[PDB]
Amino acid sequence: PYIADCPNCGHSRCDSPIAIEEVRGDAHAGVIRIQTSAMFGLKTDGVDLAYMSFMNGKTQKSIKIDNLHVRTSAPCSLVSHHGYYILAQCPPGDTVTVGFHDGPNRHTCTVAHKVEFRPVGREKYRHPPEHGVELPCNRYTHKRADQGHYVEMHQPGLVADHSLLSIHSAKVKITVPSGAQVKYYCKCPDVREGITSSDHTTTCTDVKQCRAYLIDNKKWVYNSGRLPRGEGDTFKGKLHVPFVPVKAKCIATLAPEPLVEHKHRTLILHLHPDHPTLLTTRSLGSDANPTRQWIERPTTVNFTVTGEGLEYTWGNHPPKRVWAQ
Amino acid sequence: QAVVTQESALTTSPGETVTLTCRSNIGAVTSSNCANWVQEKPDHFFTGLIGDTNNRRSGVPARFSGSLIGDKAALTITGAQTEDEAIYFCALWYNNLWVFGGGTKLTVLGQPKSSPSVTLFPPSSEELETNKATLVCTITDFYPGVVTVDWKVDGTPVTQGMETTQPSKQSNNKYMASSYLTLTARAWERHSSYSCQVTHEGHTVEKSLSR
Amino acid sequence: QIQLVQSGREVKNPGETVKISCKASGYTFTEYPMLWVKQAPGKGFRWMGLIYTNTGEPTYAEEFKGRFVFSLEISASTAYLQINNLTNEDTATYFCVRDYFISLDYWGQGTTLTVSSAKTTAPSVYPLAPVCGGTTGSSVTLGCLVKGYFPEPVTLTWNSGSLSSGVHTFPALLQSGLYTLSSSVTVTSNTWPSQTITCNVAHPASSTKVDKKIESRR
Amino acid sequence: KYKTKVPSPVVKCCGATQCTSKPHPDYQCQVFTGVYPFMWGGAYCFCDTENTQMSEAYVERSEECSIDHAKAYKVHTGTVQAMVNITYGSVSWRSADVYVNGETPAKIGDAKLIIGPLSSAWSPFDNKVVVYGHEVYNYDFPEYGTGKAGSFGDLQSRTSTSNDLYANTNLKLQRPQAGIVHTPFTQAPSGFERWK
């Protein structure tokens, strides 16, 4: 579970494990795929997707997911998590605002991202309905058995941990997690690399002038922009994405039927939608003479139909056609 | 770069409830530390008891349960048994590696005392053909596991030549040890009465040979 | 069900290499990786790392990155520890272990290494029969003294291992630069000397095998 | 639409790290100094101006590029078709797919039939066309290799597999603020975002 710098972490820029990168309000189904720097899913070892492992300290905390909250302008709905990554059904929102509850603390993370949800169709809803026609939307999956893409996930760079740099009663005293690789020296001249167990520091004294580092590359990370490079190498760790964008047919929009009214080679149409509906036509002469107008306000319109025919498209309701001799 | 700490030794009686704890030097122990409890019986015999804080390995009696009490992982033995006398180690996960605790030696009342079974053997003859003689004194099945072995050549406490191993735990949980008195083919033939005296929970057992 | 049986204990002079095997039984090797733990004589238990028996990638504890190398004969359900350029302070016991259930559930028997300079001396195997006179009880104790060998280990059985009940084998101890071991066996007084009782001793380092039948002193 | 899939910046603590122009599409990279990067322990690099930060970001096809993607074409005239039914005579049936070029028969059924060429050569497609899912746009797409950032075709990949592309996104990295680790990528949202 990677940890990075959340931008407006409740107060201001903290370093949250759930630091939000790559917000994708690019689908249609009320859904956003998000990456936390935290890797929830199974535990550290082997069990139960519905548990929760973020970083506390240098360490993980692979425990229950109890009170996740993604949210935006309104509280979102989770869809599924896998890896670093969560899918959640959100409404539109100027921002994105994520957070669980460990239990002692709220411990959330928030971010800017322009979000919208147009459904696919000539109706510009704000939200998916219960009914209407199905038609080919873009949307992310529920599932994990997924390989359609993979993002590079090589090592972490080092990280700071000044909990290490204690004092040896006059000298600044570094320690190690588990024998991990601590990269160490101070502004003064003393040990210059640091690949060690718990060292002391002969020369410097102040904690604030030393290299508290953790080369702990036993587990790779996501290659966040808010990661410091592991300077050594491009290690392996090519790793999939679960939530591929797929060609789901969203349960989708439908605009109320029109009121057809006859006139001489002319369609008066008293019209009354639910939401802004893009109407348009095609006078089937080799003179096309089409028309487009989003209609949200109910409006009686007109169409000079010709002899050979016109067609009529009340939103994603199917196209009509008309003989006006 | 984390230090797991455990009680050093705990003594209980059969039928009691005893709690062992596991403390982390970095902070409270939490479910993301996946506390493990391992038991070591004599003979370098390891078995896992609990994992992921409270999952009991299969075939581990139910008297054993794990949990988090306060800021530490705990193992409770409910109805401790004589068989539970062993060393219990806790292990904690720290995002990338495991750190083991120092282990807690637990002692449980039980196993009525048992006197040692002592046998003294004479130097074999193929060995007297090497110009050497070694009297072997074997002591097995004693409990408590502490003895005193004293050798006496011809009435006189030998004081050099002997070597006594350290009590080793047998399977039944009783102990054993052997003592060796090495003479020369010649020292052998000289003196006439050898005796291996074993002192255990106050009684003495003397096994003498006669050349 | 699950048995992790390890190689026997070695002796090696400083500088040498050792390959300790761990043969797994009872589980599907591939879904459970292996923990290698060092229990040093005094010091207690320490995680040396873990090997992904699926991909084959090892993790080393920082204390162990370097001379230590984990590998696996996948095919035979074996994991192996190799310690190269043996240092004298590597004498200890190494356990393989199965990682499962958010911890470790099964531990092996242990393979103990004694890093120590010394030549190769074959053992002398001596029968230990009761005193020349009498010895009349409901049972009887015989013995076998394996004296003056180097290095460790020796193996000892009674009647090719068919006689295991009532046996006490005593841990080898170093005396004057050589190891000495002994074993006792107790049987009913009707068994011996009616039926043959034989001590079987092997010392791999010297390719020495000795079968010594316990004979009555007269 | 692009995805500014930022590679994680370098932070040298005392002194410079010169960047190189890696061959990634629109590989924008700019060295930066004068940081003090707060990373989980306050700052970590002990210098105060020699603290160097090298930001790098390249453009990459979205995962939606595979599936939700506009698609340009140079469109010529080709050859028109039809599933002509004839419930002929007393035959009463043939529903056959045919052509227009005036020497092609299609002996499906029993009759041999030659069609066209039609005189009405209006291809409703223009020469240049963009295509999107089902909505087809007879658009003068600028070209591969040229599309102005923000305008349509800021990202221009030959196909989905094609690792090479043209990414005029005007991607301009800026220095991170007040000694904190992050990557200001200042960029036009795509001309595939608009165009929708």
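For the structure given in this document, a descriptive report is provided here.

1. Concerning the overall build of chain D
Okay, so step 1: Within chain D, the regular secondary structure consists of zero helices and twelve strands.
Okay, so step 2: Traced from its N-terminal end to its C-terminal end, chain D shows the element sequence β-β-β-β-β-β-β-β-β-β-β-β.
Okay, so step 3: Its C-alpha atoms give chain D principal-axis dimensions of roughly 95 × 30 × 25 Å.
Okay, so step 4: Looking at chain D as a whole, 39% of its 196 residues are labelled buried.
Okay, so step 5: Restricting to contacts in chain D with at least 6 residues of sequence separation, those with at least 24 account for 54%.
Okay, so step 6: Within the structure as shown, chain D displays about 11,200 Å² of accessible surface, and the carbon and sulfur contribution to it stands at 54%.
Okay, so step 7: In chain D, the 18 positive side-chain charges and the 18 negative ones have mean positions that sit 2 Å from each other.

2. Some remarks on the interface of chain B and chain C
Okay, so step 1: On the side of chain C, 41 residues touch chain B, which itself brings 44 residues to the contact.
Okay, so step 2: Of the roughly 3,500 Å² buried where chain B meets chain C, counting both sides, 65% is carbon and sulfur surface.
Okay, so step 3: There are one salt bridge connecting chain B and chain C.
Okay, so step 4: Residue C:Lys212 pairs with B:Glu126 through a salt bridge whose shortest N-O separation is 2.6 Å.
Okay, so step 5: Seen at the junction of chain B and chain C, the total is 14 residue pairs in polar contact.
Okay, so step 6: Those elements that place two or more of their residues in the side of chain B that touches chain C are β4 (36-41), β5 (45-51), β10 (98-100), β12 (117-121), α1 (125-128), β13 (132-142) and β18 (175-184) of chain B.
Okay, so step 7: With six residues, the top contributor of residues to the side of chain B that touches chain C is β13(B).
Okay, so step 8: Considered class by class, the residues forming the side of chain B that touches chain C number 18 nonpolar, 19 polar and seven charged.

3. A word on the interface of chain B and chain A
Okay, so step 1: Across the boundary between the two partners, chain B contributes 15 residues, which contact 19 residues of chain A.
Okay, so step 2: With both chains or domains summed, chain B and chain A bury close to 1,400 Å², and 46% of this area falls on carbon and sulfur atoms.
Okay, so step 3: When the buried surface of chain B facing chain A is broken down by residue, B:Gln1, B:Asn95 and B:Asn96 rank first, second and third, together holding 51% of it.
Okay, so step 4: There are one salt bridge connecting chain B and chain A.

4. Observations regarding the sheet that holds strand β8 (residues 135-137) of chain D
Two strands in a sheet stick together by hydrogen bonds in their backbones, pointing the same way (parallel) or opposite ways (antiparallel).
All names here are of chain D.
Okay, so step 1: Spatially, three strands are ordered β6-β7-β8 in an open sheet, and the strand pairing comes out antiparallel. Strands at the two margins of the open sheet, each flanked by one partner only, are β6 (70-74) and β8. Averaged over all neighbouring strand pairs, the angle between strand axes comes to 25°, with direction disregarded.
Okay, so step 2: Two elements, β6 and strand β7 (residues 128-132), share five bridges in a ladder whose sense is antiparallel. Following the sheet pairing, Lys74 is matched in β7 by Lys128.

5. As for unusual backbone geometry
Peptide bonds are trans in most cases, and residues, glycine excluded, mostly fall at negative phi.
Okay, so step 1: A cis amide bond links B:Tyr143 to the next residue, B:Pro144, at an omega of 0°.
Okay, so step 2: One can find B:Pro144 in the loop between β13 and β14 (148-153).
Okay, so step 3: Omega for the bond connecting C:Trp192 with C:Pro193 falls within 30 degrees of zero, at 0°, which places this linkage in the cis form.
Okay, so step 4: Of note, C:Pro193 is situated in the loop between β16 (178-188) and β17 (198-203).
Okay, so step 5: In this structure, B:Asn173 is a non-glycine residue whose phi angle is positive, near 85°.
Okay, so step 6: Residue class for B:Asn173 comes out partly exposed when judged on its relative accessible area of 22%.

6. Comments concerning the state of the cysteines
Okay, so step 1: Here the structure, examined in full by the defined rule, presents 13 disulfides over all chains.
Okay, so step 2: Disulfide pairing places B:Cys22 opposite B:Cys90 at an S-S distance of 2.1 Å. On the sign convention where negative is left-handed, the bridge of B:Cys22 and B:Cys90, at about 75° about the S-S bond, is right-handed. You can see B:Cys22 sitting in strand β3 (residues 17-24) and its partner B:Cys90 sitting in strand β9 (residues 86-93), a full 68 residues away along the chain. Neither B:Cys22 nor B:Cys90 differs from the other in exposure class; each is buried.
Okay, so step 3: Residue C:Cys22 pairs covalently with C:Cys96 via a disulfide, S to S 1.7 Å. Around the S-S axis, the bridge from C:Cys22 to C:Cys96 shows a dihedral of about 65° and counts as right-handed. With C:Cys22 in strand β3 (residues 18-25) and C:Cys96 in strand β9 (residues 92-100), this residue pair connects regions lying 74 residues apart in the sequence. Both residues of the pair, C:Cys22 and C:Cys96, count as buried.
Okay, so step 4: If you count the bonded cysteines of chain D from the N-terminus, they pair up as 1-5, 2-6, 3-4.
Okay, so step 5: Take the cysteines of chain C that form disulfides and number them in order along the sequence; they join up as 1-2, 3-4.
Okay, so step 6: Residue B:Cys34 stays outside any disulfide, its sulfur separated by 12 Å from that of B:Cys22, the closest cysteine.

7. Description of the pairing of strand β18 (residues 259-263) of chain A
All names here are of chain A.
Okay, so step 1: Strand direction decides the pairing type here: β18 and strand β19 (residues 266-271), joined by five bridges, are antiparallel. Each residue of the ladder has a partner; that of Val260, found in β19, is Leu269.
Okay, so step 2: Hairpin connection between β18 and β19: a loop of two residues separates the two successive antiparallel strands, and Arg265 in this loop has a positive phi of roughly 55°.

8. Describing the sheet that holds β14(B)
Residue and element names in this part refer to chain B.
Okay, so step 1: Strand order across the open sheet formed by four strands is β15-β14-β19-β20, with antiparallel pairing between neighbours. Across the chains shown, the open sheet's two edge strands, defined by having one partner strand only, are β15 (156-157) and β20 (203-210).
Okay, so step 2: In this structure, strand β19 (residues 193-200) lies alongside β20, joined through eight bridges in antiparallel fashion. In the sheet register, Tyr194 faces β20, and the bridge partner there is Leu209.

9. With respect to the side chain of A:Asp26
Okay, so step 1: Along the polypeptide, A:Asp26 turns up in the loop between β1 (20-24) and β2 (31-36).
Okay, so step 2: A polar atom in the side chain of A:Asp26 sits 3.1 Å from the side chain of D:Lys1.
Okay, so step 3: If near-sequence neighbours (up to four positions away) are discounted, A:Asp26 is found in contact with D:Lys1, D:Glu64 and D:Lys196.

10. Some words on the arrangement of the chains
Okay, so step 1: Of all four pairs of chains in contact, the one with the most contacts involves chains B and C.
Okay, so step 2: A minimum C-alpha distance of 16 Å separates chain B and chain D, which share no contact.
Okay, so step 3: Taking C-alpha atoms only, the smallest gap left between chain C and chain D, which are not in contact, amounts to 22 Å.

11. A closer look at the nonpolar core
Okay, so step 1: Residues B:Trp37, B:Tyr88, C:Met34, C:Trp36, C:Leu81, C:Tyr94 and C:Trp107 are the most contacted members of the largest nonpolar core, which totals 72 residues.
Okay, so step 2: In terms of residue count, β9(B) provides more of this core than any other element does, seven residues in total.
Okay, so step 3: Contact partners of C:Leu81, with chain neighbours within four places excluded, come to C:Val18, C:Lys19, C:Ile20, C:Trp36, C:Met48, C:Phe68, C:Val69, C:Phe70 and C:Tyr94.
Okay, so step 4: In this structure, A:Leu87, A:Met153, A:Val221 and A:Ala248 belong to the second largest nonpolar core, which totals 33 residues.

12. Examining the packing of aromatic side chains
Okay, so step 1: Summed over all chains, the structure comprises 37 aromatic pairs over all chains.
Okay, so step 2: Between B:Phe46 and C:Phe45, the aromatic rings sit 4.2 Å apart at their centres with planes inclined by 75°, giving edge-to-face as the arrangement. Of this pair, B:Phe46 sits in strand β5 while C:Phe45 sits in strand β5 (residues 44-51), placing the two residues on different chains. Each member of the pair B:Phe46 and C:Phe45 is classed as buried.
Okay, so step 3: Relative to D:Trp195, the ring of D:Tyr137 lies with its centre 5.3 Å away and its plane at 80°, an arrangement referred to as edge-to-face. You can see D:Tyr137 sitting in strand β8 and its partner D:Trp195 sitting in the segment after β12 (185-186), a full 58 residues away along the chain.

13. Thoughts on the pattern of salt bridges
Okay, so step 1: Taken as a whole and judged by the stated rule, the model has 31 salt bridges over all chains.
Okay, so step 2: A salt bridge links D:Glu63 to D:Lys3; its shortest N-O distance comes to 4.0 Å. Taken together, the positions of D:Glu63 in the loop between β5 (60-61) and β6 and D:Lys3 in strand β1 (residues 2-3) put the pair 60 residues apart, joining distant regions of the chain.
Okay, so step 3: Each of A:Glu22, A:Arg24, D:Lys3, D:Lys5 and D:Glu63 takes part in a single network of salt bridges with overlapping partners.

14. Re a nonpolar patch on the surface
Okay, so step 1: On the surface, a nonpolar cluster with roughly 270 Å² of combined accessible area is contributed by D:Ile86, D:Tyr88 and D:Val91.
Okay, so step 2: Within the secondary structure, D:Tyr88 is located in the loop between β6 and β7.

15. What to know about the side chain of A:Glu123
Residue and element names in this part refer to chain A.
Okay, so step 1: Here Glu123 is to be found in the loop between β9 (108-115) and β10 (134-136).
Okay, so step 2: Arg122 provides the closest opposite charge to the buried, unpaired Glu123, separated from it by 5.5 Å.
Okay, so step 3: For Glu123, the side chain forms a polar contact with the side chain of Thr253, separated by 2.9 Å.
Okay, so step 4: Beyond its immediate stretch of four places on either side in the chain, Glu123 contacts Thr253, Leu254, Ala255, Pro276, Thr277, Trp294, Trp314, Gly315, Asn316 and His317.

Reading the values: rules and limits
Residues numbered from 1 in each chain as written, not as in the entry; some residues may be left out. Chains lettered and ligands numbered in written order. Part of a larger assembly, values for the part shown. Heavy atoms only, no water. Residues with missing side-chain atoms left out of burial classes, pairs and counts. Helix = DSSP H or I, 4+ residues; strand = E, 2+ residues; numbered from the N terminus. Buried < 20%, exposed > 50% of the residue type's maximum accessible area, 1.4 Å probe, protein only. Contact = heavy atoms within 4.5 Å. Areas by Shrake-Rupley, 256 points an atom, 1.4 Å probe, with all protein chains shown as cover. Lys, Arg positive; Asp, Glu negative; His and termini not counted. Charge placed at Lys NZ, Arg CZ, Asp CG, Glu CD. Buried area = accessible area lost by both parts, 1.4 Å probe. Salt bridge = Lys/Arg side-chain N within 4 Å of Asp/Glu carboxyl O. Polar contact = N/O pair within 3.5 Å; in protein donor to acceptor, adjacent residues only side chain to side chain. Nonpolar A, V, L, I, M, F, W, Y, C, P; charged D, E, K, R; others polar. Pairing = 2+ DSSP bridges. Axes fitted to C-alpha atoms, helices over the stretch in contact; angles between N-to-C directions. Disulfide = S-S within 2.5 Å. Core = buried A, V, L, I, M, F, W, Y, C linked by side-chain atoms within 4.5 Å. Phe/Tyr/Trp six-rings, centres within 6.5 Å; stacked < 30°, edge-to-face > 60°. Patch = residues over 30% accessible without salt bridge, like charges linked within 9 Å, V, L, I, M, F, W, Y side chains within 5 Å.

Such coordinate-based values are descriptive only and should not be taken to indicate function.
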